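This document starts with one chain, in the form deposited in one PDB entry, laid out as structure tokens.
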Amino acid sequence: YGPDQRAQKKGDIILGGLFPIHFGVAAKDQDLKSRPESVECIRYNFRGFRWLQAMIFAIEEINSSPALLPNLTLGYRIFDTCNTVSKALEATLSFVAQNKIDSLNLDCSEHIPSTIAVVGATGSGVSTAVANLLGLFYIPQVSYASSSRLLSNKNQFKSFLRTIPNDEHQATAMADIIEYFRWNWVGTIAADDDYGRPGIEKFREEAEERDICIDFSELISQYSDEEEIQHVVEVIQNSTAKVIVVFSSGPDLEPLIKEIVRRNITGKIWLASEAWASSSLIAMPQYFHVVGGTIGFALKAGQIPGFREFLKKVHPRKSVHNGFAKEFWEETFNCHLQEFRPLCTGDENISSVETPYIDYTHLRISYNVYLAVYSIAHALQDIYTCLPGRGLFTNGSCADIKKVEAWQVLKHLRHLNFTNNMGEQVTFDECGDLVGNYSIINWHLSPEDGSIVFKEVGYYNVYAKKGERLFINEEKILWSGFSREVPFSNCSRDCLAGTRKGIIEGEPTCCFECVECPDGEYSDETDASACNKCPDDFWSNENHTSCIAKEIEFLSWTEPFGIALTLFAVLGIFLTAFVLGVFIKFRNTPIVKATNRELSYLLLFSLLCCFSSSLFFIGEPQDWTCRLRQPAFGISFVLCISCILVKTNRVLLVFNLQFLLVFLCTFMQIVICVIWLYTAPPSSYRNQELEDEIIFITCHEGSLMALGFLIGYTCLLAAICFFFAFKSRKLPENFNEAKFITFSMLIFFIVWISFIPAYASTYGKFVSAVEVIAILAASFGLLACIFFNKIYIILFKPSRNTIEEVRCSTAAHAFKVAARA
């Protein structure tokens, strides 16, 4: 009773089966103008038939063993679901036919069989729908393929168990693979069912913690219409993201792949979930230029030893218990069995045709089917061997094996721990789950046959700690089926050393602009968020990748200018010392004795101090040299001017008594200098505001009226000396001294007046060189005006140094005779 096409065999204990022998149903959703009929399954699935044969082979192998359930046989009733909720519910209503009559008091045939457990429901929505109806009657349901996390809820799904791991490790592993290859710009596609939606939600939650930006997220279906598919295609080809993560199955993904292949969209990196990473619907050679280089997940393979020889024994006339063998024979050989295609014989050979039935290389879901059947058999064997007094039920009492009920088998399945043929331990946890490792594979092209080869490139170990679970061998991956270069999948290129990041408005964090830093700031590492302002006495490059030290500007002792000015100063000091020496040697003579013999000594000492006071303007301006820069020249030159002015002419008649005048004339300068240095002294000053890349060192004078008073006092005494010596230029005594005094005063005023435009233009820039040159020029002019004339008669023409020449000049000059050479 129930569906017609089935696999059935009698026994003492009956198991139920649910497998997708067809991929789907015929699209015939029309109005109800006639009474509705049964739908028609459309596309044959050879892999599902192999799964059904795995369950049949496991049952036969259990029934031949004397060590597992002796003297009682197992039977089966297996139906087709066609990947559809409605066919599975039609089969499940016949699974619970005995139990439902008792609950509804409906009463009658009294010869209907009871199933104790159900193996089946590949797809997760089909699994949830079957689990809802089976959990009413506490019938256990072991699934070989459904991996949704929503079926781990034991409040709603009381009797559901799995031989496959659930999909949360897979989503975490997908995030880990994206993190390993250093991408941050991806798109996601999931199937709109109970399988794709929670997996892609877990992947989104994991990708948010690892700073991965997701651009698009779309949903697809097997029964999607055309305009939805073109909306998804325009969403895909409007993005610059290359990596697409797909959580779907084969028949749910086929129309989108067909539309993408038709439009020739190339260069995408597909990350596949386990449900389509080995599908024969997607892995076609004609699709390769779109789907080459896919990276995907696989489960761990197992060995069922005599299974291939069992698969090679199928026949339509010999399989009396398998009602699916006839259509399998017709779809393999494209023929028709009697009772337009030609008539089948039974002589045809399975090895001649290439379908996924016997052309596989690893058993993964088939091993899960085998493990499910053996789990149920080991729970039954635990029932059979249990000793009175040590059971799992009330008082420690044992179930009866000849009247066994389904809830007792479910209770024994919750406490199961057995060893399989691989020598590993199979137990289920509190949520009914079962952990396992993952293999990581990559799609290649076969050079010989042209088909698609699945190459193992890594693994995911679930028993390691978080962060150390992934292994990938990068050298074995071909990236679009041909290339050895890891692709670029970021939103924007990396900012370089001279730049920083900038926000683009309305766009996520992974997309940024690269902005040049300003003239004062730098950056050194790659993806900077801000330019660091490096501290004082530093400035950036022209390229802003670092910053370098500023340049300190001042006049030092090692410049050529400094050596030249030092040589001129030392030569002046040597010449003045030479003149003092010849005055000391050739004394007691009328030329020296006529020049008062004591004012000349102090005049030469003043000239020595005025020459040596120009050395404070060269070097680094410190706090104390800036205090003695200006007063040193200010007192030395006024001492020299007073020594010149005291000796000239009848001004001494206006009132030794000569020295007191010099004493007052330099003591006034001494007191104004000491009150200036005690009220507000000058000090050094590091100027950075004039030019950006150069620190000047200059001197701030403090007060300004004190400096004006100093220069005014010196110019006042110079003008008084010039005026009083300007009257007396016609007296031809002492070798015409007053003419040279007026010449020296004129030289002083001309130099310090003509140096005015040089002083105001380059103010703040090395003006101390100008201040050295003016001092040296004035000192040289005064010394050469006063002493060299008398030196020429004293040294090179003696016996003219006589009293008769001082009182009456004999008209012979030094400079004309020296210029005559």
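In this text, residue numbers run from 1 along the sequence as written.
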| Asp107 dropped in a third or more of the other entries | yes
| Unresolved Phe655 in a third or more of other entries flanked by modelled residues | yes
| said: Please classify the coordinate gap between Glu468 and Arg469 in terms of deposited residues: none, 1 to 3, 4 to 9, or 10 or more. | reply: none
| field | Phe340 preceded by how many uncoordinated deposited residues after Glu339 | value | 10 or more
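Absent from the display: the form deposited in another entry. The rest refers to it.
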| request: Considering the rigid-body rotation between the shown form and the other one, state which of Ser114, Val233, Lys455, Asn490 is located at the hinge. | output: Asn490
